[PDB]
Every structure is written in structure tokens, then in C-alpha cells.
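Engineer: Chains as they are written, first to last, in full-length UniProt numbering: chain A, 365 to 379; chain B, 347 to 484; chain C, 761 to 829; chain D, 485 to 691; chain E, 554 to 622.
Quick reminder that beta carbons are idealized off the backbone N, C-alpha and C, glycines included.
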Amino acid sequence: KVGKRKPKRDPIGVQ
Amino acid sequence: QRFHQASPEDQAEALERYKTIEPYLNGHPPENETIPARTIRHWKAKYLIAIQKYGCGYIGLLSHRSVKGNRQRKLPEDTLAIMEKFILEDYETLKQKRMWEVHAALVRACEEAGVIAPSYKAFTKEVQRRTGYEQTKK
Amino acid sequence: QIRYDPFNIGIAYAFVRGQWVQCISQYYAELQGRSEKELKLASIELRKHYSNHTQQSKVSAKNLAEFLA
Amino acid sequence: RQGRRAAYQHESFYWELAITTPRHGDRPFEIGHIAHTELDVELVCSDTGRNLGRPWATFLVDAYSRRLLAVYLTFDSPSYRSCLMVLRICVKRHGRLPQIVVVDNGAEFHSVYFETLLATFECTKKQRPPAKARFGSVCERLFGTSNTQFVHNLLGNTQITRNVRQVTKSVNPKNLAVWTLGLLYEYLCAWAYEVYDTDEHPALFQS
Amino acid sequence: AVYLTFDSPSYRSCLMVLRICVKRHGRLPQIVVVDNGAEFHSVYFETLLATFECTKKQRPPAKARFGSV
DNA sequence: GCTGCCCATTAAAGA
DNA sequence: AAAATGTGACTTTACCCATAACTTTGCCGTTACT
DNA sequence: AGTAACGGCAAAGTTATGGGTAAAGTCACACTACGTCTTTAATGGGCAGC
Ligand SMILES: [Mg+2]
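(1) Which residues, in order along the segment 443-476 of chain B, keep a beta-carbon less than 8 Å from a beta-carbon of chain C?
(2) Does the distance from the CB of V662(D) to the CB of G620(D) come in under 7 Å?
(3) Quick check on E592(D): buried or exposed, where buried means 16 or more other Cβ atoms within 10 Å of its Cβ?
(4) Measuring from the CB of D524(D), is there a heavy atom of ligand 1 at a distance below 6 Å?
(5) Less than 8 Å between the CB atoms is what I'm expecting for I769(C) and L801(C), so what's the real figure, rounded?
(6) Considering just the uninterrupted stretch of the beta strand (DSSP E) at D546(D), what are its terminal residues?
(7) Answer with yes or no whether the minimum CB distance from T632(D) to chain B is below 7 Å.
(8) Kindly confirm or deny that the segment 570-585 of chain D and the segment 501-508 of chain D touch, where touching means at least three C-beta pairs closer than 8 Å.
(9) Which same chain residues end up closer than 7 Å to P375(B) when comparing Cβ atoms and leaving out the 5 residues on each side of it in sequence?
(10) Using only the alpha-carbon positions, how far apart do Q379(A) and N589(E) sit?
(11) Does any C-beta atom of chain B lie closer than 7 Å to the C-beta of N637(D)?
(12) Can you give me the C-alpha to C-alpha distance between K443(B) and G487(D), rounded to a whole angstrom?
(13) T664(D): beta carbon under 6 Å from a heavy atom of ligand 1?
(14) List the DSSP bridge partners of residue 510(E).
(15) Kindly indicate the opening and closing residues of the beta strand (DSSP E) around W780(C).
(16) Could you name the residues that DSSP lists as bridge partners for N647(D)?
(17) How far does the beta strand (DSSP E) with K610(D) in it reach, from first residue to last?
(18) By the three-class DSSP mapping on this structure, what secondary structure does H410(B) have?
(19) Beta-carbon separation of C673(D) and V545(D) under 7 Å?
(20) What span of residues does the beta strand (DSSP E) with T521(D) cover, start to end?
(21) Would you be able to state if there are at least three C-beta pairs under 8 Å between the segment 802-818 of chain C and the segment 593-603 of chain D?
(22) Can we say the segment 777-795 of chain C touches the segment 648-659 of chain D, given the rule of at least three CB pairs closer than 8 Å?
(23) Would you say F593(D) faces chain C, with C-beta separation under 7 Å as the test?
Right, here's the structure in full:
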């Protein structure tokens with residue numbers, strides 16, 4: 365809605 | 347369960363009954379007894395009945411004072427319904443009305459309806475019995 | 761502990777620290793300089809007065825209810 | 485610990501020993517108090533319906549019979565216009581004007597206009613000391629009654645905003661307000677002129 | 554971790570508090586419980602917690618008892 | 001004339 | 001350079017009247033014992 | 001047959017609970033809370049390349 369981050373599957377673990 | 351229905355002062359009074367009865371159940375009655383003959387006879391008979399039925403006589407000496415008392419409402423039912431409606435629709439509102447003004451409106455509505463009006467104490471007591479989430483949210 | 765004179769609004773007596781101590785109201789200065797015979801009559805008059813006014817809350821409530829309606 | 489403003493509750497009571505001049509006067513139109521307040525009620529625009537805020541109420545009330553002598557309502561802050569007004573109504577529906585008019589240490593009262601008008605109409609101007617409220621106490625409590633009997637029983641009242649930490653968009657009076665300035669003033673005048681006017685007072689045993 | 558700054562809370566406050574937590578001890582907490590404030594429902598904090606295998610928990614709005622500690 | 005590309009701004013709600 | 005304004009509207013106790021639901025008693029009938 | 005102990009009848013008393021009025025007790029009137037920072041996403045202009 366307002367300031368709401370889009371639904372996503374962020375990578376996990378230090379690259 | 348009969349024992350668990352009683353109160354601590356019921357425990358104390360039943361203990362007093364037991365210490366009144368016990369000398370009579372030992373063959374050595376006291377020479378100075380304030381309790382009269384009929385009361386001690388009743389208590390001893392109840393002791394005997396309880397020990398002959400439930401296997402434990404002390405339960406016969408319980409009083410269960412919570413069972414006695416007039417738990418019946420004194421106001422007429424129409425007044426109760428009208429006061430409940432006024433509390434719901436004129437006191438639980440987003441206006442924070444004082445109890446006196448809503449009570450006055452309730453009294454005026456009662457007088458138009460021809461029903462027996464309640465007192466301010468009645469309104470305050472039934473409002474402090476509806477306290478909680480509902481009242482604080484409305 | 762408190763004691764009061766039916767013949768005098770202006771006076772009361774309270775038990776403080778171990779002393780029956782005089783207590784002053786308002787109908788004292790306002791009733792200062794008068795006799796002890798009209799003081800008691802005015803005193804009785806103000807008792808009923810302050811009573812009877814407590815009883816007329818019903819009419820005030822009714823008028824408030826009509827206005828609020 | 486807190487300051488001179490907070491310690492004022494436990495300050496003192498001046499108890500009369502002899503018969504000085506009475507605190508609340510001796511007859512009608514002798515001592516009248518003037519005081520303003522911010523009414524706890526939100527108002528919407530009459531035409532466009534947008535919220536306008538909380539109106540200011542100015543009360544001139546005699547100290548003898550407690551009768552609300554003149555009531556005024558305006559969106560503006562305390563400024564002479566206020567004063568011209570309450571006094572216009574005073575000298576309009578009633579007839580004259582006070583004799584001793586107490587008035588706190590405002591700016592509307594330290595101005596030249598109000599003092600000049602009081603001099604012209606020969607009214608003794610009395611001023612309570614700063615931060616002291618009991619000197620107009622009889623007037624100020626008449627605000628609280630106006631809260632309980634008329635104002636707090638309206639939609640959009642600014643009562644729940646005393647607890648600012650508990651306010652939500654579903655309970656904000658700026659979304660619940662429906663009253664207008666004209667109707668609110670009309671009903672406030674009705675309350676002050678025929679509801680509170682006919683109600684018996686504890687300090688007089690009469691209306 | 555304790556951090557103090559004049560600015561209103563934002564991702565900078567979370568950045569500093571997490572860096573302090575890592576510096577003083579060496580490891581971020583396994584389940585970080587945060588409130589519904591917009592500074593936590595952002596893109597920086599979520600990827601920061603994701604990078605270090607941190608389960609993020611969100612207390613329901615207007616329910617402060619979930620952070621009673 | 002036609003289409004792609006970084007900058008401002010509006011949108012509300014929660015702390 | 002300085003005396004001398006707390007109110008009163010709206011609540012909360014506190015005591016009394018009425019009645020339920022039992023204990024607490026006397027009083028008389030009955031019975032074991034002398 | 002007489003007397004003391006036991007038990008039924010019943011009224012008397014005891015708490016208890018929901019009502020009533022009358023009076024002691026609280027507390028708000030004292031100018032005043034709504035206001036500000038942060039957040040991502042979509043969109044709409046100019047600006048530039050084809
Ligand atoms: Mg106000």
C-alpha cells in the first residue's frame with residue numbers, strides 16, 4: 365500500500 | 347464436593363460444632379456448657395447421620411452460608427431491559443457521556459413508557475457490572 | 761471525630777491531636793455580630809435549606825434530560 | 485519539586501473572620517467575572533464540511549446569582565473583539581453592565597481599548613494575580629459545568645484527546661465532528677439562558 | 554546494544570544498533586523481534602536480517618505487550 | 001514524429 | 001511594588017426495608033431405665 | 001409409673017443480596033495536543049536517441 369515493500373524472497377547468507 | 351462448597355468461616359463454625367459434639371461422643375460431658383440441649387442434640391444427630399451415610403461425620407456439620415441469600419432481582423424486568431438498552435446505546439458511545447445525563451434520559455424515557463424508574467445508585471451499580479473491554483472500547 | 765451545634769452553623773468541634781478544637785465555616789463570619797436567638801433560627805433555616813436543595817436533583821435532571829433530548 | 489503552578493492546589497484558603505466585603509458581592513450586577521476557554525468540540529464548515537477546530541467560548545458571569553450574563557463563541561484567539569462582543573450582548577439583552585469586573589491578566593485586558601471602554605462606562609476593573617485562578621473561581625467552574633451538561637454530550641468533543649497516547653484514526657473527533665458554529669452557539673445560549681438559568685443553585689437555594 | 558542520536562528513528566538507528574551488537578558480542582540475535590514501525594518495514598533492515606540468517610518477528614499493531622521485556 | 005531513461009512527488013499509517 | 005477568591009456537578013459510601021435459605025433455639029411427644 | 005435423654009415442629013435468628021434515599025467525597029474549571037519523521041511504489045514531466 366503505502367511505503368510497503370513488495371513481496372519478494374530475498375537471498376540469505378553473506379555473498 | 348459438599349466440603350469444597352463451604353467457606354473458611356464455614357470451616358470455623360463446623361469446627362466449633364465438632365468441639366461442642368465431641369465431649370458428648372466421649373462419655374464425658376462438660377459440667378458448664380453454654381450451648382443448650384436441643385442444639386447439641388441436633389448437631390450430634392447430624393454427626394451420626396453423616397458418619398452413617400458418607401463415611402465421615404464432619405461433613406454433616408457444614409453450614410454452606412453461600413447458599414442462603416436473596417439472589418433475586420428487585421427491579422421489574424421492563425426497567426432492567428430499558429436500563430440495559432440505555433447503557434448499551436447511550437453510555438457505550440463515542441461521546442463519553444456522564445452518568446447523570448444518561449440517567450436523566452433513562453428516567454424521562456421510563457416516565458414516557460410508564461415503567462418504574464430506577465435510582466442513580468442502580469444505574470451506577472449496573473454500569474460498574476458491565477465494565478471491561480466492551481465499555482472501554484465503546 | 762466531630763460535633764456540631766444545631767443552634768449554630770458557624771461553629772463545629774473536631775478532635776485533633778487530643779483537643780476538642782473549634783472549627784469555623786462561613787456562616788460564622790457571615791453571622792458574626794448577631795444575637796444567640798436569631799443565630800439558632802437562621803441555623804435551623806440553613807439546615808433544611810441545604811437539605812431540601814439536595815432533594816431537587818430530580819427536577820434539574822429532568823430539565824437536563826429534556827434539553828439533551 | 486514541581487513548581488509554583490502545581491503547588492497552587494494545596495496553597496491556602498483565606499477564611500473570613502469578620503464581615504469584610506462579601507466574596508461574591510451583595511446584589512446583582514455588582515461583581516462580574518470575564519474569562520475565556522477553548523471549548524472541547526470540533527466543528528466542521530457550514531458549507532464545505534471541512535473541519536475548523538475548537539471554538540473559543542467567552543463568558544461574563546455575575547458573582548452574586550451565578551447567572552451567565554453573556555456568552556460568546558468565536559474561532560479566534562483572545563482579542564478585544566471578544567470583549568466588545570460579550571459586553572455588547574450584556575448591554576443588549578440584559579441592560580447595563582457590571583460594577584466591578586474581574587478579568588485575569590490577559591492581553592485583551594491589558595490593552596488600551598478594554599480599559600478605555602471600562603473607564604467610559606465606569607466599571608471598576610479588577611485583576612487577579614498571575615497564575616492564580618481562585619480569584620475568578622466562580623467563573624471558571626462554570627466552564628466545567630458547560631462541559632458536563634452540554635459540551636461533553638456532543639459528537640466530536642475534545643475529551644478523549646486528554647489521553648493523547650490513546651488516540652486512533654477511528655476515534656479522532658475531526659472525523660466524527662458534525663456540528664457548526666451557529667448551531668453550537670445557539671444551543672449553548674439555550675443552555676445558559678433557560679436550562680442553567682432555571683436550575684436551583686446550591687449556594688443560593690434558588691434559580 | 555544501546556544507541557543514542559538526535560534524529561528520528563530510521564534505518565540508520567537499526568544499522569548502528571546492530572553494528573554495536575556485533576562489535577560488543579560478535580553475533581546478532583537469532584530471532585529479532587521488531588515493531589510495525591516503518592523503519593523496520595523497509596528494504597534495508599529486511600535484507601540486513603536476511604544476510605545474517607536472522608528470523609524477523611513482527612508484533613501486531615497497537616500491541617506493545619509483545620515487547621514487554 | 002516515436003520510444004526509452006533516470007529524477008520529484010503523491011499516497012497513508014505507525015512510532 | 002505588592003495581600004487576603006474556591007466551587008459545585010457528578011459520584012460513592014453508608015444505612016435502612018424486604019425477603020430467600022438456611023441454622024438455632026424452645027417445647028412437647030416418645031422411649032430406655034430405674 | 002416417674003425421670004432423663006433423644007428427636008420432630010416450628011418460629012426466631014442469621015447472613016446474604018438486590019433495591020431506596022440522604023449525605024460525605026472527588027475532582028476538573030483553571031489557554032492548550034494532535035503533530036512530525038519515515039517508508040516503498042507508481043506515476044508523470046523533461047531529455048535524449050532512433
Ligand atoms: Mg474547556
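Structural biologist: Working from what's here:
(1) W446, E447, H449, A450, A451, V453, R454
(2) no
(3) buried
(4) yes
(5) So it is not a contact: roughly 11 Å between Cβ atoms.
(6) 540-546
(7) yes
(8) no
(9) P369
(10) 28 Å
(11) yes
(12) 34 Å
(13) no
(14) Outside the shown range of chain E, which is 554 to 622, sits residue 510(E), and nothing can be said about it.
(15) 780-784
(16) In the DSSP output, where bridge partners are listed per residue, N647(D) has none listed.
(17) 608-610
(18) coil
(19) no
(20) 515-522
(21) no
(22) no
(23) no
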